[PDB]
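Okay, protein_0.pdb now, which holds PDB, C-alpha atoms (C1' of nucleotides):
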ATOM      1  CA  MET U   1     122.029  99.264  66.548  1.00  0.00           C
ATOM      2  CA  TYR U   2     122.826 101.130  69.774  1.00  0.00           C
ATOM      3  CA  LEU U   3     122.666  99.843  73.342  1.00  0.00           C
ATOM      4  CA  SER U   4     122.521 102.633  75.909  1.00  0.00           C
ATOM      5  CA  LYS U   5     122.260 103.522  79.589  1.00  0.00           C
ATOM      6  CA  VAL U   6     119.937 106.478  80.019  1.00  0.00           C
ATOM      7  CA  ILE U   7     118.816 108.535  83.006  1.00  0.00           C
ATOM      8  CA  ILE U   8     115.608 110.550  82.720  1.00  0.00           C
ATOM      9  CA  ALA U   9     115.341 113.397  85.272  1.00  0.00           C
ATOM     10  CA  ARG U  10     112.700 112.681  87.954  1.00  0.00           C
ATOM     11  CA  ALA U  11     110.786 115.820  86.861  1.00  0.00           C
ATOM     12  CA  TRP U  12     110.152 114.080  83.546  1.00  0.00           C
ATOM     13  CA  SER U  13     109.760 110.607  84.983  1.00  0.00           C
ATOM     14  CA  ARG U  14     106.461 111.272  86.761  1.00  0.00           C
ATOM     15  CA  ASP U  15     103.997 109.274  84.676  1.00  0.00           C
ATOM     16  CA  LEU U  16     104.472 106.389  82.249  1.00  0.00           C
ATOM     17  CA  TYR U  17     103.290 108.455  79.285  1.00  0.00           C
ATOM     18  CA  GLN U  18     106.010 111.048  79.829  1.00  0.00           C
ATOM     19  CA  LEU U  19     108.745 108.444  79.480  1.00  0.00           C
ATOM     20  CA  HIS U  20     108.897 107.816  75.736  1.00  0.00           C
ATOM     21  CA  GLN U  21     108.863 111.535  74.942  1.00  0.00           C
ATOM     22  CA  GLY U  22     112.051 112.312  76.840  1.00  0.00           C
ATOM     23  CA  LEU U  23     113.962 109.588  75.035  1.00  0.00           C
ATOM     24  CA  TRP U  24     112.369 110.613  71.740  1.00  0.00           C
ATOM     25  CA  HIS U  25     113.895 114.067  72.066  1.00  0.00           C
ATOM     26  CA  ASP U  36     111.000 104.195  67.046  1.00  0.00           C
ATOM     27  CA  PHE U  37     113.299 102.692  69.679  1.00  0.00           C
ATOM     28  CA  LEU U  38     113.069 100.338  72.651  1.00  0.00           C
ATOM     29  CA  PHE U  39     113.495 100.917  76.377  1.00  0.00           C
ATOM     30  CA  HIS U  40     113.122  99.055  79.667  1.00  0.00           C
ATOM     31  CA  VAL U  41     113.052 100.634  83.126  1.00  0.00           C
ATOM     32  CA  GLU U  42     115.744  99.354  85.477  1.00  0.00           C
ATOM     33  CA  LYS U  43     114.943 101.587  88.445  1.00  0.00           C
ATOM     34  CA  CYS U  50     114.484 107.114  86.145  1.00  0.00           C
ATOM     35  CA  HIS U  51     117.119 104.566  85.175  1.00  0.00           C
ATOM     36  CA  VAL U  52     116.499 103.018  81.775  1.00  0.00           C
ATOM     37  CA  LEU U  53     118.111 100.836  79.132  1.00  0.00           C
ATOM     38  CA  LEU U  54     117.869 102.233  75.616  1.00  0.00           C
ATOM     39  CA  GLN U  55     118.018 100.245  72.396  1.00  0.00           C
ATOM     40  CA  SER U  56     117.974 102.627  69.455  1.00  0.00           C
ATOM     41  CA  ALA U  57     118.676 102.701  65.730  1.00  0.00           C
ATOM     42  CA  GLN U  58     120.535 105.971  66.271  1.00  0.00           C
ATOM     43  CA  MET U  59     123.115 107.037  68.853  1.00  0.00           C
ATOM     44  CA  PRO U  60     121.528 108.684  71.923  1.00  0.00           C
ATOM     45  CA  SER U  62     121.571 113.750  75.422  1.00  0.00           C
ATOM     46  CA  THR U  63     118.955 116.236  76.620  1.00  0.00           C
ATOM     47  CA  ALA U  64     118.751 118.148  79.899  1.00  0.00           C
ATOM     48  CA  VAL U  65     115.643 116.034  80.418  1.00  0.00           C
ATOM     49  CA  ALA U  66     117.372 112.812  79.354  1.00  0.00           C
ATOM     50  CA  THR U  67     121.012 112.377  80.365  1.00  0.00           C
ATOM     51  CA  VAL U  68     123.049 109.597  78.756  1.00  0.00           C
ATOM     52  CA  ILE U  69     125.356 107.623  81.047  1.00  0.00           C
ATOM     53  CA  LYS U  70     126.749 105.341  78.344  1.00  0.00           C
ATOM     54  CA  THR U  71     126.050 104.143  74.804  1.00  0.00           C
ATOM     55  CA  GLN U  73     126.657 100.344  69.495  1.00  0.00           C
ATOM     56  CA  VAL U  74     126.160  96.632  68.799  1.00  0.00           C
ATOM     57  CA  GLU U  75     125.064  94.114  66.175  1.00  0.00           C
ATOM     58  CA  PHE U  76     125.508  90.584  67.484  1.00  0.00           C
ATOM     59  CA  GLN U  77     127.068  87.694  65.594  1.00  0.00           C
ATOM     60  CA  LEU U  78     124.943  85.056  67.309  1.00  0.00           C
ATOM     61  CA  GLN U  79     124.779  81.424  66.206  1.00  0.00           C
ATOM     62  CA  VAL U  80     122.235  78.650  65.730  1.00  0.00           C
ATOM     63  CA  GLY U  81     121.396  76.322  68.610  1.00  0.00           C
ATOM     64  CA  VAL U  82     122.973  78.499  71.288  1.00  0.00           C
ATOM     65  CA  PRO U  83     121.614  78.809  74.857  1.00  0.00           C
ATOM     66  CA  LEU U  84     121.016  82.335  76.168  1.00  0.00           C
ATOM     67  CA  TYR U  85     119.525  83.921  79.275  1.00  0.00           C
ATOM     68  CA  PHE U  86     116.663  86.299  78.529  1.00  0.00           C
ATOM     69  CA  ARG U  87     114.449  88.924  80.140  1.00  0.00           C
ATOM     70  CA  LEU U  88     111.370  90.582  78.691  1.00  0.00           C
ATOM     71  CA  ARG U  89     108.592  92.862  79.860  1.00  0.00           C
ATOM     72  CA  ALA U  90     105.424  92.424  77.835  1.00  0.00           C
ATOM     73  CA  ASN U  91     101.676  93.016  77.736  1.00  0.00           C
ATOM     74  CA  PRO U  92     100.050  89.587  77.220  1.00  0.00           C
ATOM     75  CA  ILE U  93      96.386  90.231  76.453  1.00  0.00           C
ATOM     76  CA  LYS U  94      93.192  88.801  74.969  1.00  0.00           C
ATOM     77  CA  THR U  95      90.467  90.604  73.001  1.00  0.00           C
ATOM     78  CA  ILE U  96      86.671  90.303  73.101  1.00  0.00           C
ATOM     79  CA  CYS U 112      89.210  95.521  75.044  1.00  0.00           C
ATOM     80  CA  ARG U 113      92.751  94.201  75.462  1.00  0.00           C
ATOM     81  CA  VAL U 114      92.231  92.149  78.641  1.00  0.00           C
ATOM     82  CA  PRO U 115      95.296  90.668  80.430  1.00  0.00           C
ATOM     83  CA  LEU U 116      96.365  87.018  80.441  1.00  0.00           C
ATOM     84  CA  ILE U 117      96.685  86.100  84.115  1.00  0.00           C
ATOM     85  CA  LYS U 118      96.988  82.304  83.963  1.00  0.00           C
ATOM     86  CA  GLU U 119     100.545  80.989  84.179  1.00  0.00           C
ATOM     87  CA  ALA U 120      99.859  78.464  81.428  1.00  0.00           C
ATOM     88  CA  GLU U 121      98.439  81.130  79.127  1.00  0.00           C
ATOM     89  CA  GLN U 122     101.411  83.407  79.734  1.00  0.00           C
ATOM     90  CA  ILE U 123     104.028  80.792  78.868  1.00  0.00           C
ATOM     91  CA  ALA U 124     102.027  79.683  75.835  1.00  0.00           C
ATOM     92  CA  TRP U 125     101.716  83.329  74.818  1.00  0.00           C
ATOM     93  CA  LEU U 126     105.480  83.780  75.022  1.00  0.00           C
ATOM     94  CA  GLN U 127     106.444  80.812  72.854  1.00  0.00           C
ATOM     95  CA  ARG U 128     103.766  81.795  70.345  1.00  0.00           C
ATOM     96  CA  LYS U 129     104.975  85.375  69.939  1.00  0.00           C
ATOM     97  CA  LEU U 130     108.531  84.051  69.788  1.00  0.00           C
ATOM     98  CA  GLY U 131     107.366  81.953  66.857  1.00  0.00           C
ATOM     99  CA  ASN U 132     110.176  79.935  65.332  1.00  0.00           C
ATOM    100  CA  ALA U 133     112.973  82.279  66.374  1.00  0.00           C
ATOM    101  CA  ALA U 134     113.762  80.227  69.469  1.00  0.00           C
ATOM    102  CA  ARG U 135     112.322  77.690  71.897  1.00  0.00           C
ATOM    103  CA  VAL U 136     111.554  78.373  75.551  1.00  0.00           C
ATOM    104  CA  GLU U 137     113.662  75.931  77.554  1.00  0.00           C
ATOM    105  CA  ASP U 138     112.701  77.393  80.933  1.00  0.00           C
ATOM    106  CA  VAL U 139     110.847  80.539  81.965  1.00  0.00           C
ATOM    107  CA  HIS U 140     109.414  82.220  85.058  1.00  0.00           C
ATOM    108  CA  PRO U 141     106.508  84.639  84.461  1.00  0.00           C
ATOM    109  CA  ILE U 142     106.519  87.413  87.065  1.00  0.00           C
ATOM    110  CA  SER U 143     103.062  88.978  87.247  1.00  0.00           C
ATOM    111  CA  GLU U 144     104.277  92.557  87.721  1.00  0.00           C
ATOM    112  CA  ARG U 145     102.316  95.253  89.526  1.00  0.00           C
ATOM    113  CA  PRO U 146      99.879  97.190  87.285  1.00  0.00           C
ATOM    114  CA  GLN U 147     101.062 100.435  85.662  1.00  0.00           C
ATOM    115  CA  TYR U 148      99.185 103.609  84.694  1.00  0.00           C
ATOM    116  CA  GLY U 156      93.890 103.175  80.810  1.00  0.00           C
ATOM    117  CA  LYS U 157      95.567 100.278  82.605  1.00  0.00           C
ATOM    118  CA  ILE U 158      98.585  98.236  81.499  1.00  0.00           C
ATOM    119  CA  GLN U 159      99.224  94.846  83.105  1.00  0.00           C
ATOM    120  CA  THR U 160     102.883  94.069  82.464  1.00  0.00           C
ATOM    121  CA  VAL U 161     104.494  90.651  82.909  1.00  0.00           C
ATOM    122  CA  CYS U 162     108.242  90.088  83.064  1.00  0.00           C
ATOM    123  CA  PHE U 163     109.369  86.818  81.493  1.00  0.00           C
ATOM    124  CA  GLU U 164     112.718  85.584  82.765  1.00  0.00           C
ATOM    125  CA  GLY U 165     114.505  82.398  81.766  1.00  0.00           C
ATOM    126  CA  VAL U 166     116.677  80.804  79.102  1.00  0.00           C
ATOM    127  CA  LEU U 167     116.311  80.253  75.356  1.00  0.00           C
ATOM    128  CA  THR U 168     118.156  78.418  72.626  1.00  0.00           C
ATOM    129  CA  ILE U 169     118.520  80.053  69.224  1.00  0.00           C
ATOM    130  CA  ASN U 170     116.451  78.350  66.547  1.00  0.00           C
ATOM    131  CA  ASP U 171     116.188  81.042  63.869  1.00  0.00           C
ATOM    132  CA  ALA U 172     119.066  83.509  64.228  1.00  0.00           C
ATOM    133  CA  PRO U 173     118.009  86.312  61.880  1.00  0.00           C
ATOM    134  CA  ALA U 174     114.342  86.004  62.880  1.00  0.00           C
ATOM    135  CA  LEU U 175     115.413  86.511  66.483  1.00  0.00           C
ATOM    136  CA  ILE U 176     117.159  89.792  65.664  1.00  0.00           C
ATOM    137  CA  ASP U 177     114.114  91.253  63.934  1.00  0.00           C
ATOM    138  CA  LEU U 178     112.045  90.244  66.940  1.00  0.00           C
ATOM    139  CA  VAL U 179     114.464  92.102  69.204  1.00  0.00           C
ATOM    140  CA  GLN U 180     114.669  95.180  66.991  1.00  0.00           C
ATOM    141  CA  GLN U 181     110.881  95.324  66.648  1.00  0.00           C
ATOM    142  CA  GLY U 182     109.842  94.279  70.139  1.00  0.00           C
ATOM    143  CA  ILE U 183     107.204  91.884  71.443  1.00  0.00           C
ATOM    144  CA  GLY U 184     103.577  92.598  72.295  1.00  0.00           C
ATOM    145  CA  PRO U 185     101.303  95.651  72.647  1.00  0.00           C
ATOM    146  CA  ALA U 186     101.948  98.763  74.767  1.00  0.00           C
ATOM    147  CA  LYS U 187     105.459  98.745  73.305  1.00  0.00           C
ATOM    148  CA  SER U 188     105.911 102.426  74.143  1.00  0.00           C
ATOM    149  CA  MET U 189     105.046 101.818  77.793  1.00  0.00           C
ATOM    150  CA  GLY U 190     108.366 100.128  78.520  1.00  0.00           C
ATOM    151  CA  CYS U 191     107.115  96.735  77.345  1.00  0.00           C
ATOM    152  CA  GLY U 192     108.463  94.695  74.455  1.00  0.00           C
ATOM    153  CA  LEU U 193     112.213  94.976  74.929  1.00  0.00           C
ATOM    154  CA  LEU U 194     113.893  91.580  74.761  1.00  0.00           C
ATOM    155  CA  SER U 195     117.202  91.451  76.627  1.00  0.00           C
ATOM    156  CA  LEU U 196     119.647  88.628  75.940  1.00  0.00           C
ATOM    157  CA  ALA U 197     122.689  87.293  77.779  1.00  0.00           C
ATOM    158  CA  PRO U 198     125.023  84.280  77.495  1.00  0.00           C
ATOM    159  CA  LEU U 199     125.769  81.812  80.287  1.00  0.00           C
TER     160      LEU U 199
ATOM    161  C1'   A T   1      89.696 176.261 131.385  1.00  0.00           C
ATOM    162  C1'   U T   2      90.276 172.969 138.508  1.00  0.00           C
ATOM    163  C1'   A T   3      96.172 176.122 144.611  1.00  0.00           C
ATOM    164  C1'   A T   4      94.725 176.127 138.175  1.00  0.00           C
ATOM    165  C1'   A T   5      97.581 178.249 133.858  1.00  0.00           C
ATOM    166  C1'   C T   6     102.945 178.922 131.705  1.00  0.00           C
ATOM    167  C1'   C T   7     106.626 174.916 133.669  1.00  0.00           C
ATOM    168  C1'   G T   8     113.888 169.937 132.244  1.00  0.00           C
ATOM    169  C1'   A T   9     116.720 168.553 138.047  1.00  0.00           C
ATOM    170  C1'   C T  10     120.609 169.458 135.626  1.00  0.00           C
ATOM    171  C1'   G T  11     126.236 168.929 133.996  1.00  0.00           C
ATOM    172  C1'   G T  12     131.644 165.442 134.857  1.00  0.00           C
ATOM    173  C1'   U T  13     133.250 160.101 136.225  1.00  0.00           C
ATOM    174  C1'   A T  14     137.862 152.237 134.580  1.00  0.00           C
ATOM    175  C1'   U T  15     136.407 149.065 140.206  1.00  0.00           C
ATOM    176  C1'   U T  16     140.975 147.872 139.795  1.00  0.00           C
ATOM    177  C1'   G T  17     145.750 144.335 140.329  1.00  0.00           C
ATOM    178  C1'   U T  18     147.125 138.559 142.369  1.00  0.00           C
ATOM    179  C1'   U T  19     145.306 132.857 142.309  1.00  0.00           C
ATOM    180  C1'   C T  20     146.015 123.920 140.269  1.00  0.00           C
ATOM    181  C1'   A T  21     140.824 121.796 143.283  1.00  0.00           C
ATOM    182  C1'   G T  22     143.708 118.012 144.335  1.00  0.00           C
ATOM    183  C1'   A T  23     145.281 112.825 145.693  1.00  0.00           C
ATOM    184  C1'   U T  24     142.805 106.987 146.113  1.00  0.00           C
ATOM    185  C1'   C T  25     138.663 103.448 143.488  1.00  0.00           C
ATOM    186  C1'   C T  26     135.863  95.856 139.044  1.00  0.00           C
ATOM    187  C1'   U T  27     129.527  97.198 138.849  1.00  0.00           C
ATOM    188  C1'   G T  28     129.362  92.326 139.799  1.00  0.00           C
ATOM    189  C1'   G T  29     127.396  86.969 139.773  1.00  0.00           C
ATOM    190  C1'   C T  30     122.638  83.629 137.141  1.00  0.00           C
ATOM    191  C1'   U T  31     119.216  83.047 132.172  1.00  0.00           C
ATOM    192  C1'   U T  32     115.985  78.535 124.736  1.00  0.00           C
ATOM    193  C1'   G T  33     112.096  83.290 122.635  1.00  0.00           C
ATOM    194  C1'   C T  34     109.326  79.369 121.755  1.00  0.00           C
ATOM    195  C1'   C T  35     105.246  76.226 119.324  1.00  0.00           C
ATOM    196  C1'   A T  36     101.306  76.298 113.861  1.00  0.00           C
ATOM    197  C1'   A T  37     101.445  78.055 108.102  1.00  0.00           C
ATOM    198  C1'   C T  38     100.543  76.460  99.366  1.00  0.00           C
ATOM    199  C1'   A T  39     101.132  83.044  97.631  1.00  0.00           C
ATOM    200  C1'   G T  40      97.831  81.526  95.967  1.00  0.00           C
ATOM    201  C1'   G T  41      93.412  83.322  93.799  1.00  0.00           C
ATOM    202  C1'   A T  42      91.207  86.793  90.196  1.00  0.00           C
ATOM    203  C1'   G T  43      91.278  87.713  82.522  1.00  0.00           C
ATOM    204  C1'   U T  44      87.961  95.137  82.974  1.00  0.00           C
ATOM    205  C1'   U T  45      92.184  97.716  79.568  1.00  0.00           C
ATOM    206  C1'   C T  46      90.245 103.847  78.431  1.00  0.00           C
ATOM    207  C1'   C T  47      91.277 104.876  73.465  1.00  0.00           C
ATOM    208  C1'   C T  48      92.622 105.310  67.660  1.00  0.00           C
ATOM    209  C1'   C T  49      93.761 101.512  64.119  1.00  0.00           C
ATOM    210  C1'   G T  50      94.498  96.911  60.386  1.00  0.00           C
ATOM    211  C1'   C T  51      92.718  91.538  59.029  1.00  0.00           C
ATOM    212  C1'   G T  52      89.554  88.101  59.673  1.00  0.00           C
ATOM    213  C1'   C T  53      85.179  82.664  59.736  1.00  0.00           C
ATOM    214  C1'   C T  54      82.502  87.487  64.840  1.00  0.00           C
ATOM    215  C1'   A T  55      85.687  83.471  67.792  1.00  0.00           C
ATOM    216  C1'   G T  56      89.478  86.563  68.166  1.00  0.00           C
ATOM    217  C1'   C T  57      94.738  88.127  66.054  1.00  0.00           C
ATOM    218  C1'   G T  58      97.990  92.406  65.103  1.00  0.00           C
ATOM    219  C1'   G T  59     100.737  97.617  64.644  1.00  0.00           C
ATOM    220  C1'   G T  60     100.882 102.749  66.716  1.00  0.00           C
ATOM    221  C1'   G T  61      99.821 106.022  71.812  1.00  0.00           C
TER     222        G T  61
END
Just dump the structure as structure tokens.
Amino acid sequence: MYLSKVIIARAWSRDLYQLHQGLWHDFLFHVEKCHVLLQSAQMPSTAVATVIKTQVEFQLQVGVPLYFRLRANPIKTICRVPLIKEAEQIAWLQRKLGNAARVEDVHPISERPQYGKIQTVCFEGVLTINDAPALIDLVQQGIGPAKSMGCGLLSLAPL
RNA sequence: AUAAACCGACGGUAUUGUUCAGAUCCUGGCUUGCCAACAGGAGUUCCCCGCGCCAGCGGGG
């Protein structure tokens, strides 16, 4: 797996839809500022997508505390309507995390809407590793819908 | 097609050389920006799709 720092020329970075194409020329990305973090199965440089820096497969361990950040699209369905309640969001997060890890503490930041509409929510907090390999697959696959719209990328950090 | 008509005012040419504006000079004394305050409310998201008990859950844009 490859962890990267990618810059996508402002000309390209006009709308959300244009974003995944530039990096394509699946994988996972999260917008930092267009500044972007790129998690890819292959090593990532186009004139439309310059690469500042790029390879990692973590050892990890069981029962280990880690900081985490994740943009996601928590929604219901009766159209994919957003989950606005703080309780629903935190419950949503632990659910989709399954048995990979438990949510010790988390702050759900109801991000500003992006453009059909996409209501993103950034979950920040700390986890402890319950199922180590199941956590990796969750990272390498992403979490939630609108995964190509910057959502779904789970970032992890020690303490 | 008129005291009109036709119809040059023309030619040559350094304004030059010299020259401190200069000495003296606090802008200065006085002066709360101050009193009140949950960031909370609100599930619209327009598609394709897969699996349902039809309630709702997923993967691709």
Would you list which chain T residues are within 7 Å of chain U using all atoms listed in the file, as a list in words?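 Residues satisfying the distance criterion: residues 43, 44, 45, 46 and 56 of chain T.
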What gap, in Å, lies between atom CA of residue U:176 and atom CA of residue U:194? 9.8 Å
Name the residues that the PyMOL selection byres ((chain U and resi 36) around 10) pulls out of this structure, and write them as a PDB file with C-alpha atoms, in the coordinates of the input.
ATOM      1  CA  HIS U  20     108.897 107.816  75.736  1.00  0.00           C
ATOM      2  CA  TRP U  24     112.369 110.613  71.740  1.00  0.00           C
ATOM      3  CA  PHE U  37     113.299 102.692  69.679  1.00  0.00           C
ATOM      4  CA  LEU U  38     113.069 100.338  72.651  1.00  0.00           C
ATOM      5  CA  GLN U  55     118.018 100.245  72.396  1.00  0.00           C
ATOM      6  CA  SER U  56     117.974 102.627  69.455  1.00  0.00           C
ATOM      7  CA  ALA U  57     118.676 102.701  65.730  1.00  0.00           C
ATOM      8  CA  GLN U  58     120.535 105.971  66.271  1.00  0.00           C
ATOM      9  CA  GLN U 180     114.669  95.180  66.991  1.00  0.00           C
ATOM     10  CA  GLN U 181     110.881  95.324  66.648  1.00  0.00           C
ATOM     11  CA  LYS U 187     105.459  98.745  73.305  1.00  0.00           C
ATOM     12  CA  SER U 188     105.911 102.426  74.143  1.00  0.00           C
TER      13      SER U 188
END
Can you list what the PyMOL selection byres ((chain U and resi 3-11) around 10) grabs from this structure, as number ranges by chain? U: 1-2, 12-15, 18-19, 22-23, 38-39, 41-43, 50-60, 62-71, 73-75
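For the pair atom CA of residue U:170 and atom CA of residue U:199, the separation is 17.0 Å.
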Quick one: what's the axis-aligned box for stretch 5-11 of chain T, all listed atoms, 5 Å on every side, centre and edges in Å to one decimal, as JSON?
{"center_x": 111.9, "center_y": 173.7, "center_z": 134.9, "size_x": 38.7, "size_y": 20.4, "size_z": 16.3}
Identify, on the basis of only C-alpha atoms (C1' of nucleotides), every residue whose closest approach to residue U:182 does not exceed 6 Å; exclude the query and any residue fewer than 4 positions from it along the same chain; express the result as a CSV table (one decimal) with C-alpha atoms, in the coordinates of the input.
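Below you can see out-v3.csv, which holds the result:
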chain,number,residue,atom,x,y,z
U,178,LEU,CA,112.0,90.2,66.9
U,192,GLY,CA,108.5,94.7,74.5
U,193,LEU,CA,112.2,95.0,74.9
